[PDB]
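Reading through the structure tokens given below for one structure.
Number of protein chains: 4
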Amino acid sequence: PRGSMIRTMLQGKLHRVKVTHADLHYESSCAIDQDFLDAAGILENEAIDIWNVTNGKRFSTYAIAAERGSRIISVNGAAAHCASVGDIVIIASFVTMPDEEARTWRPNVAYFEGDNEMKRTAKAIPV
Amino acid sequence: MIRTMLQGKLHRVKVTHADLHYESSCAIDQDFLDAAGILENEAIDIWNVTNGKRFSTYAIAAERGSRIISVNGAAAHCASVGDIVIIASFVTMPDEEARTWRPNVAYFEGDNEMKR
Amino acid sequence: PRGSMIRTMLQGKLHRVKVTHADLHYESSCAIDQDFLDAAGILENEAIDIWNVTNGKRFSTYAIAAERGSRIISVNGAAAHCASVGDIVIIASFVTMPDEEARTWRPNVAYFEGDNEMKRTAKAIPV
Amino acid sequence: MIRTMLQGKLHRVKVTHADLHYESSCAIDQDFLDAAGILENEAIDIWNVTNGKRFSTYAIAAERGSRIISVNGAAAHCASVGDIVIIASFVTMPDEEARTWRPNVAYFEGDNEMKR
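First to last, the protein sequences are chains A, B, A' and B'. A prime marks a further copy of an entry chain.
Here the first sequence is numbered in the authors' numbering, starting from -3 and rising by one per residue.
Here the second sequence is numbered in the authors' numbering, starting from 1 and rising by one per residue.
Here the third sequence is numbered in the authors' numbering, starting from -3 and rising by one per residue.
Here the fourth sequence is numbered in the authors' numbering, starting from 1 and rising by one per residue.
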């Protein structure tokens, strides 16, 4: 239906994941294990919102893929001023879609524990 | 040409919970979501009138009739229980439609009682 | 052309205009003389970005129409904490459109002087 | 489903002017705009690496070949001459296209000399 009202919806997110590297000298972006990107449906070059739970800072950047199985969350360049290694962050992407689709949309979510071990749900995660 | 328009909002409501343990979202009585047209998983802007902080997150439903506004997870560092917040969502549509668009608004009194 | 790349463009703006009212007790929004809205192509209920040149604060809200000829710029509710009467602000709206249109797009702009007297260009404006 | 993707960016460039008198925008050598695919009047995000400030504004053209980055008006309170900034724009497109999208990137050395 032309002219339909378009919603901004949570597409997917990495729930509390740990920052593994923060390097002011690599390009400003967040590099993320491709397995984690797959699970959250996040694309290389997609805009992402990062909330640093440890220090309260919130910022926007874009995603790049790190090696599958590396378990890397690298907050680089200018963003290395907003997160440090060991900080717990939340990484989310948002998409737009018409209202009827938005009403049944289910975001792609991944949870983490320990050594950035990825789970599908929060069931096994410590409090 | 596509415009960004106010879809709907909850005027001044009171934060009833701020649970750091829970996921980083804002949980809202489904009745309030229904009145404001805000969807579960929809991006929302929150303006905390009590402490000045503004931030973005997404909505999830709280129990219908509960009158809950819960600012949870990492968001709980932006609002405490008792703070007054404003919660809004925005939609896009072509200019032609935007010219006659009407947002969905809910007002509150007393203990998050919706003016009905 | 389906799947065409969509740009976010300055639709229009009120260049440095003076805040006339700031009232914590009216609804959080910015109320603007309808003549000024017309000149900038800004709509009632449209999302707007406000940059407060006087104090450096930047925030987002939505526009509502004040009486034609009132010359009102009223920053109300929660936004009254980001601007005061006498502050100089810039109010802008952004629209999206395909690339080819964006390449020839001309924003709708209004300039101000004195008692929120509106001009079409900066030519007559003091420095 | 529509994605928001990096359209293009100027990597670390140096601010050559910060003129408070001028309109609140960022003026950029047209050669740099050409390389990054950024348009006059397009929304841009600026990240000032030197002082940490991040803000949004819109691009306007500066004289071709001038190598100017000018952060003007109200924006001039977010960056001084000599600061290192990153300038980016974002576009939307359907998911199918987004999956193979490639941004337009320009790198710099010395005195805002584009690596060519």
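Each residue gets a CB set at the ideal place from its N, CA and C atoms; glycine is no exception.
- Annotated as proximal: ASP45 (chain A) and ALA88 (chain A), with beta-carbon spacing under 8 Å.
- Rounded to the nearest angstrom, the gap between the Cα atoms of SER24 (chain B') and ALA76 (chain B') is 8 Å.
- DSSP places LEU6 (chain A) in the uninterrupted beta strand (DSSP E) bounded by 2 to 14.
- In the three-state DSSP reduction, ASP29 (chain A) falls in the strand class (E or B).
- In the same chain as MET1 (chain B'), and ignoring 5 residues on each side of it, the C-beta atoms closer than 6 Å to its own belong to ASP95, in chain order.
- The criterion of a C-beta distance shorter than 8 Å is satisfied by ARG99 (chain B) and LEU39 (chain A').
- When rounded, the separation of the alpha-carbon atoms in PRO122 (chain A') and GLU109 (chain A') is 8 Å.
- By the rule that beta-carbons nearer than 8 Å mark a contact, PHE108 (chain A) does not touch chain B.
- Under the Cβ criterion of 8 Å, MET114 (chain B') is not counted among the residues facing chain A'.
- The beta carbon of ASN41 (chain B') falls within 8 Å of a beta carbon belonging to chain A', placing the residue at that interface.
- Counting only the Cα atoms, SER80 (chain B) lies some 11 Å from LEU20 (chain B).
- DSSP places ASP34 (chain B') in the helix class (H, G or I) of the three-state scheme.
- According to the DSSP secondary-structure assignment, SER70 (chain A) is paired through a beta bridge with A:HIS17, A:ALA27.
- Taking one beta carbon from each stretch, the region 56 to 75 of chain B' and the region 11 to 19 of chain B' have 3 or more pairs nearer than 8 Å; the two touch.
- Closest in alpha carbon position to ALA106 (chain A'), among A':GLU42, A':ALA59, A':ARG12, A':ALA61, is A':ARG12.
- In the DSSP annotation of this structure, the continuous segment of the beta strand (DSSP E) that includes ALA106 (chain B) starts and ends at 104 to 106.
- What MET1 (chain B) touches in chain A, judged by beta-carbon distance under 9 Å, is nothing: the nearest beta carbon there is about 12 Å away.
- Annotation: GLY52 (chain A) to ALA74 (chain B) spans about 7 Å, alpha carbon to alpha carbon.
- Using a Cβ-Cβ cut-off of 8 Å, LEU33 (chain B') does not count as an interface residue toward chain A, since no Cβ of chain A sits closer than that to its own.
- A residue is called buried once 16 or more other Cβ atoms fall within 10 Å of its Cβ, and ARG3 (chain B) is buried on that count.
- With the criterion set as a beta carbon lying under 7 Å from some beta carbon of chain B, the members of the region 45 to 75 of chain A are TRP47, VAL49, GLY52, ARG54, in sequence order.
- One thing to note: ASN104 (chain B) has its Cβ within 8 Å of the Cβ of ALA35 (chain B).
- Its chain contains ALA106, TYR107, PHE108, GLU109, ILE121 as the residues whose beta carbon lies nearer than 8 Å to that of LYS115 (chain A'), once the 5 sequence neighbours on both sides are disregarded; these appear in chain order.
- Here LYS9 (chain A) is buried. Its C-beta has 16 or more other C-beta atoms within 10 Å.
- For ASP45 (chain B), the uninterrupted beta strand (DSSP E) segment begins and ends at 43 to 48.
- Taken in chain order, the members of the region 9 to 31 of chain A' whose beta-carbon sits within less than 7 Å of a beta-carbon on chain B are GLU23, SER24.
- Within chain B, the residues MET1, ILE2, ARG3, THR4, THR92 have their CB atoms less than 9 Å from the CB of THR92 (chain A'), given in chain order.
- The beta carbon of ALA43 (chain B) sits closer than 6 Å to those of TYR58, all from its chain and outside the five residues before and after it, given in chain order.
- Among the CB atoms of chain B', one or more fall inside 8 Å of the CB of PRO103 (chain A').
- Counted as a single uninterrupted DSSP element, the beta strand (DSSP E) harbouring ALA62 (chain B) occupies residues 54 to 62.
- Nearest neighbour of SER66 (chain B) by Cα position, chosen from B:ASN41, B:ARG54, B:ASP31, turns out to be B:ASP31.
- Each of B:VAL85, B:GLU97, B:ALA27 was checked against the Cα of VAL49 (chain B), and the nearest Cα belongs to B:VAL85.
- Using a CB distance cut-off of 8 Å, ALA79 (chain B) does not count as an interface residue toward chain A'.
- In summary, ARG102 (chain A) is exposed, with fewer than 16 beta-carbon neighbours lying within 10 Å of its beta-carbon over all protein chains present.
- Per DSSP, the continuous alpha helix (DSSP H) segment holding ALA98 (chain A') begins and ends at 95 to 98.
- In the DSSP assignment, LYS119 (chain A) falls outside any beta strand (DSSP E) and carries neither an H nor an E.
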